[PDB]
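J.: This is the structure I have questions about; it appears just below.
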4 protein chains.
Amino acid sequence: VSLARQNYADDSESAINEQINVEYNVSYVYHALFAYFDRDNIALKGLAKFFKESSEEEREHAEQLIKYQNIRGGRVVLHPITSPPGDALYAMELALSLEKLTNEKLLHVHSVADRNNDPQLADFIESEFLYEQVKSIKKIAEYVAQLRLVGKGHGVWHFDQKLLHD
Amino acid sequence: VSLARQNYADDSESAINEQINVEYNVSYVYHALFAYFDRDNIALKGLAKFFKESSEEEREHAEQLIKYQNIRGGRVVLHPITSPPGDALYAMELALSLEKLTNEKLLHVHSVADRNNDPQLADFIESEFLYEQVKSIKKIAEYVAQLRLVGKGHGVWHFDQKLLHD
Amino acid sequence: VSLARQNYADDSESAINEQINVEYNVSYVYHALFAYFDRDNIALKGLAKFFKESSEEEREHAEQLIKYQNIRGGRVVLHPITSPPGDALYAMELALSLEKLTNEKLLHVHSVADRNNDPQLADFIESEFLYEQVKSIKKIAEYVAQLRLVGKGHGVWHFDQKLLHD
Amino acid sequence: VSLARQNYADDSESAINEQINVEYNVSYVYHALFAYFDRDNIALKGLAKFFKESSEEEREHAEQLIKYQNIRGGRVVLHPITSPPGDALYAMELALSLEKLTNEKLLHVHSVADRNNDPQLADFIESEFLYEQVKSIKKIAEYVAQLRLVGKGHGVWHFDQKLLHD
Ligand SMILES: [Mg+2]
Ligand SMILES: [Mg+2]
Ligand SMILES: [Mg+2]
Ligand SMILES: [Mg+2]
Ligand SMILES: [Mg+2]
Ligand SMILES: [Mg+2]
Ligand SMILES: [Mg+2]
Ligand SMILES: [Mg+2]
Ligand SMILES: [Mg+2]
Ligand SMILES: [Mg+2]
Ligand SMILES: [Mg+2]
């Protein structure tokens, strides 16, 4: 029985365990995308590194929530990480879709904290996660728009390049 | 149609556009006050610079909210900046009155975020704006009190001096 | 009644107050242009920063004229800053059009100084404003011409990336 | 007969020699003011140094005009430097009055250059003299206004101490 735990509903503990699983699954899709654009036939190394670094940071998010689960006196429960599936534009639109899905799950986590009168968890989600999440979505939204604008071929390669020196 | 926008009510988008207008209008009053105490006949250069620097920072606040409007996938709408109108004490009491008006508008913006279940905007307003706003009000309240205490003439000039080397 | 005022006609004082209003209004349009290209869907961050910094420097022009109004012993009068309205080519042509109307207003101010036998104000406008104005117009004219040359899509994005690191 | 002289009217040469005389005379009054506030009984050393350095810079203005007379191929003609005459407020108002008569003489010199189609001399007066003159008048006007505000006694002494470390 936890020594630290206080004002920490089992709903909140459970929502954090679910969000941990979301971050792992998104980290896995980003590793898939890295694995794709790193192909010899694709050779978009800018997108490969951006997706590779995006995968480290989703896993760092999972670590932060494990660390937060234990700070609060909850217990971490791990679930299966499901396998994931112009290509550049499609991948960015996929990445945008995933950040918004992560955002949507984080808002639900926030709602669980609101409804359980857990204000430190609510401020944790809104300070350490919700603020980066909207910055990430806008950044990826701009990537989507820039890939639409450069068009296929030379412009995609140029935008990849670019990512690689950034 | 916005790629980024998510859980961002048109009320919230509209409140940010209104707050942008409040910051511009307050920035304009501070430039008026700077323009006044910079007069040859007034020569209160400490208050002129303090009001001049206060004008840059209100405009920086407007920029932050434009930047935030676009981060959230909203669209910036700009409205007219209306013309503004012991002198030292009166100007500080005017400045205090304006910080409290800005504060009151920011709380309404916060309420719009509360009512629309937009927690990142609420934490943005309370973290990036509401905390400086109460620090600014207290600082200006102390200026008001110090100008009351020094009295007219020599004490006003001394307090201006003071501001100038601060 | 001003202690400093000497050979400073009410026409000149009035012309400076109008040019103050012009610089604020141009500063406001540049902030509008900043707010537009900073959109998630537009994502031309090079133009957003160029318009944002152009906005900063028009406001600094307004401050210099306030500072000059008070140096000359005149009195600053502030008027309302009215709200402003390929997108990249169109915005640069709008910006070229604003620099030229700013220039045209500056020459009228210069004429007012010529007619009121105010050689210091005439040399101020010539030295501190008319020389930058003519350099700014050429720079923006060059940007117009480069955006026509690069064409839509990939070339616009490339030119924008140039601005962003320039 | 001058090797350099070109488009340099005898009116312009004569106007420079008169302005040389004006700067020497203003330099002399400032040395008088220095000599007064340096008295043991007056002991306002901040005003004494400010008037002493003001005297140095009026003499440097005379040297620049000699240097300019010779640059233009004219011939310097020197005339007698006539002897000069709350004390602090009164002396600053006297100093404001001298900067403005110096300004008025400079504009007449500028007019002489305008009428003799001497644009280099006109731009010299505008650029090297009329711009500092207008800044000096404002500065001294501000000192007048601050000495009115601080009042007699302790405030005058305080303002003087400010000058001494400024
Ligand atoms: Mg994440
Ligand atoms: Mg992310
Ligand atoms: Mg503000
Ligand atoms: Mg403030
Ligand atoms: Mg007239
Ligand atoms: Mg300008
Ligand atoms: Mg000139
Ligand atoms: Mg410009
Ligand atoms: Mg003649
Ligand atoms: Mg002089
Ligand atoms: Mg002088």
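Chain labels A, B, ... are given in the sequence in which chains occur in the structure tokens; within each chain residues are numbered consecutively from 1, and ligands are likewise numbered from 1 in the order shown.
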Could you list, as a list in words, all the residues within 8 Å of ligand 2, counting only C-alpha atoms and all ligand atoms?
T.: residues 54, 57, 58, 99, 132, 133, 136 and 137 of chain A
J.: Near segment 153-156 of chain A, within 7 Å and counting only C-alpha atoms, which residues show up once chain neighbours fewer than 4 positions away are dropped, as an mmCIF file with C-alpha atoms, in the first residue's frame?
T.:
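Listing of around.cif after writing:
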data_model
loop_
_atom_site.group_PDB
_atom_site.id
_atom_site.type_symbol
_atom_site.label_atom_id
_atom_site.label_comp_id
_atom_site.auth_asym_id
_atom_site.auth_seq_id
_atom_site.Cartn_x
_atom_site.Cartn_y
_atom_site.Cartn_z
ATOM 1 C CA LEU A 147 4.642 20.054 -48.214
ATOM 2 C CA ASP A 160 13.358 17.207 -46.536
ATOM 3 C CA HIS C 154 8.142 25.591 -54.539
#
J.: Taking into account only C-alpha atoms and all ligand atoms, which residue in the set D:112, D:125, D:140, D:26 is nearest to ligand 10?
T.: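 Looking at the shortest contact to ligand 10, the residue is D:26.
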J.: Set the cut-off to 7 Å and count only C-alpha atoms: what are the residues of chain D that reach chain B? Output as a list in words.
T.: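 Residues of chain D within 7 Å of chain B, counting only C-alpha atoms: residues 138, 141, 142, 145, 146, 149, 150, 151 and 155 of chain D.
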J.: With N, CA and C atoms retained, could you export that selection as a PDB file, in the first residue's frame?
T.:
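Writing the result to again.pdb gives the following:
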ATOM      1  N   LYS D 138      16.160  71.523 -26.069  1.00  0.00           N
ATOM      2  CA  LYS D 138      15.256  70.651 -25.324  1.00  0.00           C
ATOM      3  C   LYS D 138      15.869  70.225 -24.000  1.00  0.00           C
ATOM      4  N   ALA D 141      15.745  73.267 -21.775  1.00  0.00           N
ATOM      5  CA  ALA D 141      14.350  73.422 -21.394  1.00  0.00           C
ATOM      6  C   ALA D 141      13.932  72.405 -20.323  1.00  0.00           C
ATOM      7  N   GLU D 142      14.366  71.148 -20.453  1.00  0.00           N
ATOM      8  CA  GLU D 142      14.035  70.152 -19.434  1.00  0.00           C
ATOM      9  C   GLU D 142      14.650  70.504 -18.078  1.00  0.00           C
ATOM     10  N   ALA D 145      12.578  73.165 -16.492  1.00  0.00           N
ATOM     11  CA  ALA D 145      11.349  72.626 -15.924  1.00  0.00           C
ATOM     12  C   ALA D 145      11.617  71.837 -14.640  1.00  0.00           C
ATOM     13  N   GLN D 146      12.735  71.095 -14.576  1.00  0.00           N
ATOM     14  CA  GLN D 146      13.054  70.348 -13.360  1.00  0.00           C
ATOM     15  C   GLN D 146      13.407  71.279 -12.203  1.00  0.00           C
ATOM     16  N   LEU D 149      10.256  72.561 -10.744  1.00  0.00           N
ATOM     17  CA  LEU D 149       9.546  71.529 -10.003  1.00  0.00           C
ATOM     18  C   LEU D 149      10.164  71.274  -8.630  1.00  0.00           C
ATOM     19  N   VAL D 150      11.499  71.208  -8.539  1.00  0.00           N
ATOM     20  CA  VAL D 150      12.147  70.866  -7.273  1.00  0.00           C
ATOM     21  C   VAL D 150      12.036  71.993  -6.258  1.00  0.00           C
ATOM     22  N   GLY D 151      11.851  73.233  -6.716  1.00  0.00           N
ATOM     23  CA  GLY D 151      11.753  74.373  -5.824  1.00  0.00           C
ATOM     24  C   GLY D 151      13.109  74.832  -5.334  1.00  0.00           C
ATOM     25  N   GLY D 155      15.844  71.133  -3.102  1.00  0.00           N
ATOM     26  CA  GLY D 155      15.633  70.556  -4.422  1.00  0.00           C
ATOM     27  C   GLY D 155      16.659  71.034  -5.437  1.00  0.00           C
TER      28      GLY D 155
END
J.: Give me the residues near residue 121 of chain B as a PyMOL selection string, where near means some atom within 12 Å (using only C-alpha atoms) and where sequence neighbours in that chain fewer than 5 positions away do not count.
T.: (chain A and resi 126-127+130-131+134) or (chain B and resi 6-9+11-13+15-16+65+68-69+71-72+106-107+109-116+126-130)
J.: Put those residues in a file: N, CA and C atoms, as a compact mmCIF listing (two decimals), in the first residue's frame.
T.:
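Listing of again10.txt after writing:
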# COMPACT_ATOMS: atom_id res chain seq x y z
N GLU A 126 -1.81 20.08 -18.02
CA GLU A 126 -1.91 21.33 -18.77
C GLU A 126 -0.57 22.07 -18.86
N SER A 127 0.34 21.88 -17.90
CA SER A 127 1.63 22.57 -17.93
C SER A 127 2.71 21.78 -18.67
N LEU A 130 -0.09 19.59 -22.22
CA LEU A 130 -1.00 20.30 -23.13
C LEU A 130 -0.32 21.47 -23.85
N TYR A 131 0.64 22.13 -23.21
CA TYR A 131 1.29 23.26 -23.85
C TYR A 131 2.25 22.82 -24.97
N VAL A 134 0.03 21.50 -28.13
CA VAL A 134 -0.48 22.46 -29.12
C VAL A 134 0.66 23.07 -29.93
N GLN B 6 -8.16 22.38 -32.81
CA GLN B 6 -8.77 21.28 -32.08
C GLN B 6 -9.18 21.75 -30.69
N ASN B 7 -10.41 21.41 -30.28
CA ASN B 7 -10.99 21.83 -29.01
C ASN B 7 -10.79 23.33 -28.80
N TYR B 8 -11.12 24.10 -29.84
CA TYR B 8 -10.88 25.53 -29.81
C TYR B 8 -12.16 26.21 -30.28
N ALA B 9 -13.01 26.57 -29.32
CA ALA B 9 -14.31 27.16 -29.60
C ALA B 9 -14.16 28.49 -30.30
N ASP B 11 -15.91 30.97 -29.46
CA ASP B 11 -15.89 31.93 -28.36
C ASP B 11 -14.45 32.22 -27.93
N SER B 12 -13.65 31.16 -27.73
CA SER B 12 -12.27 31.34 -27.30
C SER B 12 -11.47 32.12 -28.34
N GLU B 13 -11.59 31.73 -29.61
CA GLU B 13 -10.95 32.47 -30.68
C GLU B 13 -11.34 33.94 -30.64
N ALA B 15 -12.56 35.69 -27.96
CA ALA B 15 -12.03 36.32 -26.76
C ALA B 15 -10.56 36.70 -26.93
N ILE B 16 -9.77 35.84 -27.57
CA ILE B 16 -8.37 36.18 -27.83
C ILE B 16 -8.28 37.40 -28.75
N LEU B 65 -0.34 36.90 -28.09
CA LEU B 65 -1.70 36.41 -28.31
C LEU B 65 -1.98 36.16 -29.79
N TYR B 68 -0.41 32.97 -30.25
CA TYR B 68 -1.20 31.92 -29.62
C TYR B 68 -2.47 31.62 -30.42
N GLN B 69 -3.13 32.65 -30.93
CA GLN B 69 -4.27 32.48 -31.83
C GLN B 69 -3.92 31.55 -32.99
N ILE B 71 -1.25 29.47 -33.18
CA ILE B 71 -0.90 28.14 -32.68
C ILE B 71 -2.15 27.28 -32.55
N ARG B 72 -3.24 27.87 -32.04
CA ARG B 72 -4.47 27.14 -31.81
C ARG B 72 -5.28 26.92 -33.08
N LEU B 106 -8.80 39.84 -18.95
CA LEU B 106 -8.12 38.56 -18.98
C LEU B 106 -8.87 37.51 -18.18
N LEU B 107 -9.49 37.91 -17.06
CA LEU B 107 -10.31 36.97 -16.30
C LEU B 107 -11.53 36.55 -17.11
N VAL B 109 -11.60 36.40 -20.39
CA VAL B 109 -11.02 35.45 -21.33
C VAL B 109 -10.84 34.10 -20.65
N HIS B 110 -10.38 34.10 -19.39
CA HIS B 110 -10.22 32.83 -18.69
C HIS B 110 -11.56 32.14 -18.51
N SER B 111 -12.59 32.91 -18.15
CA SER B 111 -13.92 32.33 -17.98
C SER B 111 -14.42 31.70 -19.27
N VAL B 112 -14.18 32.35 -20.41
CA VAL B 112 -14.57 31.77 -21.68
C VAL B 112 -13.86 30.43 -21.89
N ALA B 113 -12.59 30.35 -21.50
CA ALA B 113 -11.88 29.09 -21.64
C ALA B 113 -12.43 28.03 -20.68
N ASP B 114 -12.73 28.42 -19.43
CA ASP B 114 -13.37 27.50 -18.49
C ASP B 114 -14.66 26.96 -19.07
N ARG B 115 -15.57 27.86 -19.43
CA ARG B 115 -16.88 27.46 -19.92
C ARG B 115 -16.80 26.64 -21.20
N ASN B 116 -15.74 26.76 -21.98
CA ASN B 116 -15.66 25.99 -23.21
C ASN B 116 -14.76 24.77 -23.06
N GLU B 126 -3.65 31.90 -17.41
CA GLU B 126 -3.27 31.97 -16.00
C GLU B 126 -1.75 31.87 -15.80
N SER B 127 -1.02 31.22 -16.72
CA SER B 127 0.43 31.08 -16.56
C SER B 127 1.20 32.23 -17.21
N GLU B 128 0.87 32.57 -18.45
CA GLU B 128 1.64 33.55 -19.20
C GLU B 128 1.13 34.98 -19.01
N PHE B 129 -0.10 35.17 -18.53
CA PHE B 129 -0.66 36.51 -18.40
C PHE B 129 -1.13 36.84 -17.00
N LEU B 130 -1.98 36.02 -16.39
CA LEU B 130 -2.54 36.38 -15.08
C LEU B 130 -1.46 36.56 -14.01
J.: Go through D:91, D:3, D:144, D:20 and flag the residue nearest ligand 10, using only C-alpha atoms and all ligand atoms for the distances.
T.: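 Ranked by minimum distance to ligand 10, first place goes to D:20.
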